[PDB]
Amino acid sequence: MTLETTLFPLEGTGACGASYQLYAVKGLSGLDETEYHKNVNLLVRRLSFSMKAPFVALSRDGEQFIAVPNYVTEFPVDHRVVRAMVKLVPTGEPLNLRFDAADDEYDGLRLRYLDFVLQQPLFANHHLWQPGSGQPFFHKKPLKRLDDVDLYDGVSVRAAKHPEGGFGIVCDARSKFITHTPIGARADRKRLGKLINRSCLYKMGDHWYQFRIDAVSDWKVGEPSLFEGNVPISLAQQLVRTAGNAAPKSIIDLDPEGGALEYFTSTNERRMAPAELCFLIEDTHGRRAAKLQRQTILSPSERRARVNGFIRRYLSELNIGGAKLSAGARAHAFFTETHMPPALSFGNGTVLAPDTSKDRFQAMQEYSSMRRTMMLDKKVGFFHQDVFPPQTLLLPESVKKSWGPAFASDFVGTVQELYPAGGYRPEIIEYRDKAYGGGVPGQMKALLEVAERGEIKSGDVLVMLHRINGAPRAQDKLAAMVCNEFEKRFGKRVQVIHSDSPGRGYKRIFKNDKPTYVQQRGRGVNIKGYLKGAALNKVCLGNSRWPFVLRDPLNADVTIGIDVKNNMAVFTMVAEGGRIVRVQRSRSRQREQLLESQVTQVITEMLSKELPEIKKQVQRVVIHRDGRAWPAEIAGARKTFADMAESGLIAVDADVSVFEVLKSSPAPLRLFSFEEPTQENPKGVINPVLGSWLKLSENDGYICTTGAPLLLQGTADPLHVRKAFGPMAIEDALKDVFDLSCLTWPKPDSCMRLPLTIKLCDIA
């Protein structure tokens, strides 16, 4: 109930002049509404980096109007490229913004200005450094030495609005791994070349920054490579030219036979750095250095200590010209009523409700465990208990010839236990995984030939694939290809498993004078768990047999998720308590955005098939967009439901609200709770509990979809959701984000950060 944030009050915020003067953009009156807004921000970013000033966007009405600080002296006004050139007619009215006012429409300006000028002092700090503009500030001194690699601690800072009036700062702790020794001068041509597109920390004297390597310089540090006016000049000469006063020996005593890396700027120009002063950034998602990565995951006590310490060490005194600023000693804290998890409907009339006569922690633990136990109990079981339509299990021939048959027997028995009503009994069918393949071509030839011969009777296929790309931070092209061609060309609905994971669960043994495959409970996988999980997710959920649903209505009658990534749009729909769930794909022009007409067609077509099944008259609707939302999409959104209300399919006085779910959030905010200080927890800092929530303004809030009882380690990351339109309160919207995230179907006894609505987008 008693909760703290990482949102620190800003003090001394009088006498702060954010001086702009608007301009307007004639451009091309061909408002493509899809190309019209790409070029809006294209030029804003292009001008921000060249002029090195806080250019922002305030798109009103015509959705033009780049805002320019009045203190930039020269200005081109008319700007090139971008197809049809633009003129910048100044709308005049110089704007000298304050920070003591009420909530205004120019605030998206002030925030930008604030952010920009907060990184002037921290830039000057000899003990801190920043990988690049916008990234967090790390100490020059490593937090820890992990052998050949150093762990660096930093803090990220964004400006934000204080819910109790005024302005403040949100910050979070942050980690980074950098190899301890530099690449060095002795590394040869071939070795430097083998490092392209890697990123390194460059210690250019007292100025440290991060850049991505593009090419190996033809020239060495000592050989002339560039020009100081018109004289051939070495990289060593250049670095000596621009060093300050008490320059460190390293920048003025370079080995001249060392090589140089080449990189590009924000301004898109080519520079060199001496490899003798470059330190590779290690990717801990790569190397599966998960023993390294635990070091990156902080206890709440640790996270609060590190953030508060950074605030009191580097943000107490801060001058930007004539202004003098502070940051509150203690962060914004409050009381609140944590949301209780929703009551859930299982099979045979059974309902799960949290115990209000328990402390929230214990009640949540018992509810979450009860989701699994109730699903498994043959006396209550799945909400949706019916037999399965025909099924197919499609295996690599190499698997079918060895350990496949034992895995299949176990998998069928596991499904029949988990989901007794299904009568699971698939046809087992193989493909020639060794005949053409190895990679995606040839695996696909084998899969396609099996499907073409019509061997896959039935429409539901579970297909076992080899893992082509074993490295993490990689996409499964083969699985996507198999889903696309089996949906598109044949009628099929395809779920996927891989062969490495169950393969590690079988070993060959001699029994009864026969070679035989049997389970091994050793190392590589826990096969019983594997079986129950894949049974749940690929066969049960893959056939839309939901294990439980919400008992009570949400604030929305219908709630729709949208995600556009890879030119490949995904709509999802949840209605009734989760008893109605649809997912439809598409393709659109832009790789991360959607056309307006497409939106209004797909949503109408999708919801109309389900309105006969939606018994209660529909009168409030919510859209969850994954990431940034586009107004081209809001237009079609409002249109769809206005039309439907006119028809009468929907309530006449019905409304729509649109909310963005920012899973990686521009302003990262944490929440802490407090327990009695134990010997282990010296300040008694603990995770917030599962329903905790906070709104900042009418447009921004945070729900803990992950939190206290159910988190193994780390400090929970609150989920940011931001209003974009509509009458529904942000509080109501957060509450049914929380309820939708308790539909933890992929793993009943766990917590789950995204609401089911955008989770269904993520899996496709």
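Residue positions are given as counts along the sequence shown, with the first one as 1. Whichever C-alpha set is largest while still superposing within 1.5 Å between the two forms counts as the rigid core.
Higher-deviation segment by CA RMS in 4 other deposited structures of this protein, core fitted, 386-394 or 634-642: Looking at 386-394 and 634-642 in 4 other deposited structures of this protein, the bigger mover is 634-642.
Farther-lying stretch by C-alpha RMS in 4 other deposited structures of this protein, rigid core as reference, of 189-197 and 550-558: Result of the core-fitted comparison in 4 other deposited structures of this protein: 189-197 deviates more.
Stretch with the higher entry mean CA B-factor, where the candidates are 694-702 and 31-39: Averaged over C-alpha atoms, the B-factors run higher in 31-39.
Residue range whose averaged C-alpha B-factor is higher in the record, 348-356 or 76-84: Between 76-84 and 348-356, it is 76-84.
Peak C-alpha temperature factor (PDB record), options 174, 379, 523, 241: In this record, 523 carries the highest C-alpha B-factor of the candidates.
Peak C-alpha temperature factor (PDB record), options 184, 515, 677, 413: That would be 677.
Third assignment of residue 6 from its chain's C-alpha B-factors: Residue 6: CA B-factor falls in the middle third of its chain.
Third of the chain's Cα B-factor distribution that residue 738 belongs to, per the entry: It falls in the bottom third of the chain.
Chain-relative CA temperature factor third for residue 409: Its C-alpha B-factor belongs to the lowest third of this chain's values.
Third of chain Cα B-factors occupied by residue 261: Answer is middle: the recorded C-alpha B-factor places it there.
CA B-factor ranking of residue 314, expressed as a third of its chain: Middle third, going by the recorded CA B-factors of the chain.
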